[PDB]
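J.: quick check, what structure comes out for this input:
(one chain, ligands or ions: 2)
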Amino acid sequence: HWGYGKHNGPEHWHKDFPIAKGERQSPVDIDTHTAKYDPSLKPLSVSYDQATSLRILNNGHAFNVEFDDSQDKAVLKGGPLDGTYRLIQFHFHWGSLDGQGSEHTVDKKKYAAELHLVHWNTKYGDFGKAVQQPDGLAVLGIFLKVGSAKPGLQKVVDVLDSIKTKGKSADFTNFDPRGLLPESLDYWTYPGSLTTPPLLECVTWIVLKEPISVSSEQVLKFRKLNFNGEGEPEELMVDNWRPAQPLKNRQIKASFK
Ligand SMILES: COc1cccc(NC(=O)Nc2ccc(S(N)(=O)=O)cc2)c1
Ligand SMILES: [Zn+2]
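T.: Residues are numbered from 1 along each chain as shown. Ligands and ions are numbered 1, 2, ... in the order given. Structure as follows:
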């Protein structure tokens with residue numbers, strides 16, 4: 001089964017998921033000098049005041065904070081998007097060391113980690129139908145650098161002890177994702193894919209320019225999680241990132257001058 005080891009990591013995925021070598025795969029390097037300001041882009045609209053988190057799950061590749069998406073509560077609109085996209089989960093990708101861990105890079109710079117807030121287009125009715133469409137998903141990507149602590153992240157960090165191994169979950173209500181956003185919503189955007197199998201080409205990527213700062217102690221607790229299940233040999237959950245993929249026939253657009 002796929003993962004991030006030497007025998008099953010990203011260079012192997014194309015054997016079970018041939019779309020891995022496709023025309024709109026993610027992540028990519030963001031070359032800041034080639035991304036063109038697009039004055040037709042609108043400001044992002046992030047409406048998370050009514051978000052309802054339910055649960056946190058270690059799925060063996062990352063941990064997902066899951067939301068109730070049965071009504072239009074926490075939604076992403078505007079920016080490059082047409083229509084309304086509903087928040088379903090967020091998760092992170094991170095490194096074994098502070099010098100790597102993000103999936104997108106900026107002028108080849110790797111950040112310590114990257115947050116993905118995953119939303120689906122309500123015109124397709126459910127997430128499973130949305131991922132079959134080229135405009136089915138919108139993922140908001142936020143870089144993490146190591147410095148000062150992020151207070152709004154600490155409630156996530158403190159529950160990770162209870163979901164150390166694959167398949168463990170814990171109740172996780174009343175978490176406010178507004179506490180994970182940077183001050184500025186300036187962004188880059190391009191058409192891409194899921195960055196894990198099945199690597200479907202269904203995502204409008206919206207990557208914020210401003211990273212958030214987290215503390216060394218916070219990211220250290222990410223790195224104590226396990227890829228393995230309970231009672232299996234311990235394999236630390238680190239370096240769960242896909243490297244940058246070819247840009248091919250795509251343009252990255254900037255919302256800012
Ligand atoms: C309970 O919550 C669910 C329920 C059903 C599906 C999912 N998500 C999923 O299947 N895949 C996914 C999402 C984003 C990315 S990524 N790294 O490109 O942002 C990669 C893969 C979550
Ligand atoms: Zn992701």
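J.: next, the buried residues of stretch 182-190.
T.: Neighbour counts using 16 or more other C-beta atoms under 10 Å place 185, 187, 188, 189, 190 of stretch 182-190 among the buried residues. Just so you know, the C-beta spots here come from the backbone N, C-alpha and C atoms, and that holds for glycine as well.
J.: cool, and stretch 98-105?
T.: Applying 16+ other C-beta under 10 Å to stretch 98-105 flags 98, 100, 101, 102, 103, 104, 105 as buried.
J.: of these, which belong to strands?
T.: residue 105 (DSSP state E).
J.: any chance of the buried residues of stretch 98-105 in a markdown table, plus distance to ligand 1?
T.: Listed next are the buried residues of stretch 98-105 as a markdown table, based on distance: C-beta to the nearest ligand atom, whole Å:
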| residue | distance to ligand 1 |
| --- | --- |
| 98 | 21 |
| 100 | 16 |
| 101 | 13 |
| 102 | 12 |
| 103 | 7 |
| 104 | 11 |
| 105 | 15 |
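J.: got the buried residues of stretch 98-105 as JSON lines, with distance to residue 147 columns?
T.: JSON lines is the format used below for those (distance: C-beta to C-beta, whole Å):
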{"residue": "98", "distance to residue 147": "10"}
{"residue": "100", "distance to residue 147": "17"}
{"residue": "101", "distance to residue 147": "14"}
{"residue": "102", "distance to residue 147": "15"}
{"residue": "103", "distance to residue 147": "20"}
{"residue": "104", "distance to residue 147": "19"}
{"residue": "105", "distance to residue 147": "19"}
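J.: farthest pair in the buried residues of stretch 98-105?
T.: 98 and 104 (16.6 Å; C-beta to C-beta).
J.: quick one: name the residues of the stretch 51-200 of the chain near ligand 1.
T.: Residues of the stretch 51-200 of the chain that fall close to ligand 1, judged by C-beta under 6 Å from any ligand atom: 64, 66, 88, 89, 116, 118, 127, 139, 194, 195, 196.
J.: restricted to strands, list these.
T.: 64, 66, 88, 89, 116, 118, 139.
J.: neighbours of the third one, how many?
T.: Residues near residue 88, counting by other C-beta atoms under 10 Å, number 19.
J.: count the neighbours of the closest residue to it other than its chain neighbours for me.
T.: Closest residue in space to residue 88, ignoring its immediate chain neighbours: residue 69 at 4.7 Å, by C-beta to C-beta, 6 or more residues apart in numbering. Residue 69 is flanked by 22 other residues according to other C-beta under 10 Å.
J.: which residues touch residue 69?
T.: 86, 87, 88, 120, 127 (C-beta atoms under 8 Å, 6 or more residues apart in numbering).
J.: in the stretch 1-150 of the chain, what residue lies closest to ligand 1?
T.: residue 116 (3.7 Å; C-beta to the nearest ligand atom).
J.: so that residue bridges to which residues?
T.: residue 91, residue 141 (DSSP bridges).
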